[PDB]
Amino acid sequence: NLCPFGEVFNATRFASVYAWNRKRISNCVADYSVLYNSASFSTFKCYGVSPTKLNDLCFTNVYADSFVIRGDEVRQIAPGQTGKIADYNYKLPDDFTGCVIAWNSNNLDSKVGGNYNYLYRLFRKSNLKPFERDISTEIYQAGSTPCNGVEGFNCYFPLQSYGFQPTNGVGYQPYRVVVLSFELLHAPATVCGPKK
Amino acid sequence: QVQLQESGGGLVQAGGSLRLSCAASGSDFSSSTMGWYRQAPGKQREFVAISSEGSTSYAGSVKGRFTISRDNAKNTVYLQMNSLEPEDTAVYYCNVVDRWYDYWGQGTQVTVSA
Ligand SMILES: *[C@@H]1O[C@H](CO[C@@H]2O[C@@H](C)[C@@H](O)[C@@H](O)[C@@H]2O)[C@@H](O[C@@H]2O[C@H](CO)[C@@H](O[C@@H]3O[C@H](CO)[C@@H](O)[C@H](O)[C@@H]3O)[C@H](O)[C@H]2NC(C)=O)[C@H](O)[C@H]1NC(C)=O
């Protein structure tokens, strides 16, 4: 029947950005119209495809990538960004055709005295490849001296907590982000809209 | 859905030991990341000991005191907590990360008196 958009946007659990969730959506029909119109989503920006023309188009694969970040960091979910989220947590490709949907979730993903459940990676030796996921927890060597698995002077634990409080201003608030990833190949199409 | 079975904890004398366990069910925990984080009251939650697939990794004050082990067969991670000090009083939460999500335990209270 219809592609399962209830399962991705109204999921009970949203992942931390370093451990982002990829659900694959294939072999169904998808009405993106109700999503674009909804004022629930503050951010709904598409790259390389018009938001009007979503129900016309046909794609080989559509992936749903979903995670929770800070409100400032929503800027980094775009092709050709840099920053701690784009370099070390979630990287889009340069040739990214797809849509970035985000909304505020301050009321669910903050509790009083901080929500320490959501983390982000702060250092990595290289920047990530596109759509790469790192859940490693080795100590980052920031200095000349080797780390021996211990948080030391120039030896740092790579995952940092957001620690979302509701008293934080809007830039430091939890936003849930869904990334729709349209892949086009020389393969046959699997997901078209209602109008095709 | 995925669940985590935290077990262990309670009160101990300073210099005492403990052992925490966290057993994982509901998913594929091949090459997964398992270990413990602690939150003393009013402080930020900070990490204690953790194994991702490449390396295991320990907090600064617990090297030599605490030891992390897992058997992949039972999908359980263990934390042998020796030489306990009243600084170590915190709620201890296990963290399991599979291919799809990071999951947290509910938290076992560990309390050390002088
Ligand atoms: C994501 O979530 C919103 C919120 O809806 C809630 O979660 C859904 C999964 C369902 O369990 C809902 O029953 C639950 O409320 C969904 O949008 C909402 O759709 C519901 C109908 O399913 C709307 O309820 C209606 O409200 C109008 C007037 O408010 C009544 O006239 C109707 O009879 C009916 O009660 C609800 O208002 C609406 N909320 C918003 C924010 O628009 C949404 O459908 C869901 N996304 C997907 C794709 O499933």
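The name given to chain B in the PDB entry is Nanobody DL28, with Vicugna pacos as the source organism. Here the entry title, as the record gives it, is "The crystal structure of RBD-Nanobody complex, DL28 (SC4)".

The PDB entry annotates chain A as SARS-CoV-2 Spike Receptor-Binding Domain (RBD) originating from Severe acute respiratory syndrome coronavirus 2.

**Q** What am I meant to see in the side chain of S16(A) here?
**A** Relative to the assigned elements, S16(A) resides in the loop between α1 (5–9) and β1 (21–25). Looking at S16(A), its side chain comes within polar contact range of the main-chain oxygen of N117(A), at 3.4 Å. Of note is the side chain of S16(A), whose polar atom sits 2.8 Å from the side chain of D102(B). The contact partners of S16(A), leaving out residues within four places of it in the chain, are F67(A), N117(A), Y118(A), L119(A) and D102(B).

**Q** Mind showing me how you'd approach the pairing of strand β10 (residues 174–183) of chain A here?
**A** Within a regular strand, the side chains alternate between the two sheet faces. Residues and elements named next belong to chain A. With respect to burial, β10 is a largely interior element, nine of its 10 residues being buried. As defined by bridge partners, strand β4 (residues 61–70) adjoins β10 across 10 bridges and the pair is classed as antiparallel. Bridging across to β10, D65 finds its partner in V179. As defined by bridge partners, strand β5 (residues 98–104) adjoins β10 across seven bridges and the pair is classed as antiparallel. The residue bridging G98 from the neighbouring strand is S181, located in β10.

**Q** I keep staring at the state of the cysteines and nothing clicks. Help me out?
**A** Here is the idea: a disulfide is a covalent bond, and it sits between the sulfur atoms of two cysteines. Residue and element names in this part refer to chain A. Overall, the coordinates contain five disulfides over all chains when judged by the stated rule. Note that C58 is cross-linked by a disulfide to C192, the S-S spacing being 2.0 Å. One quick way to see it: the torsion about the S-S bond of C58 and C192 is about 125°, and its sign makes the bridge right-handed. A residue pair is termed long-range when its members are at least 10 positions apart, and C58 in strand β3 (residues 58–59) and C192 in strand β11 (residues 191–192) qualify at 134 residues. A relative accessible area of 32% means that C58 is categorised as partly exposed. Bridging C147 to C155, the disulfide has an S-S length of 2.1 Å. Here the S-S torsion is close to -100°, and the disulfide linking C147 with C155 is therefore left-handed. Judged by its relative accessible area of 18%, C147 falls in the buried class.

What counts and how
Residues numbered from 1 in each chain as written, not as in the entry; some residues may be left out. Chains lettered and ligands numbered in written order. Heavy atoms only, no water. Residues with missing side-chain atoms left out of burial classes, pairs and counts. Helix = DSSP H or I, 4+ residues; strand = E, 2+ residues; numbered from the N terminus. Polar contact = N/O pair within 3.5 Å; in protein donor to acceptor, adjacent residues only side chain to side chain. Contact = heavy atoms within 4.5 Å. Buried < 20%, exposed > 50% of the residue type's maximum accessible area, 1.4 Å probe, protein only. Pairing = 2+ DSSP bridges. Disulfide = S-S within 2.5 Å.

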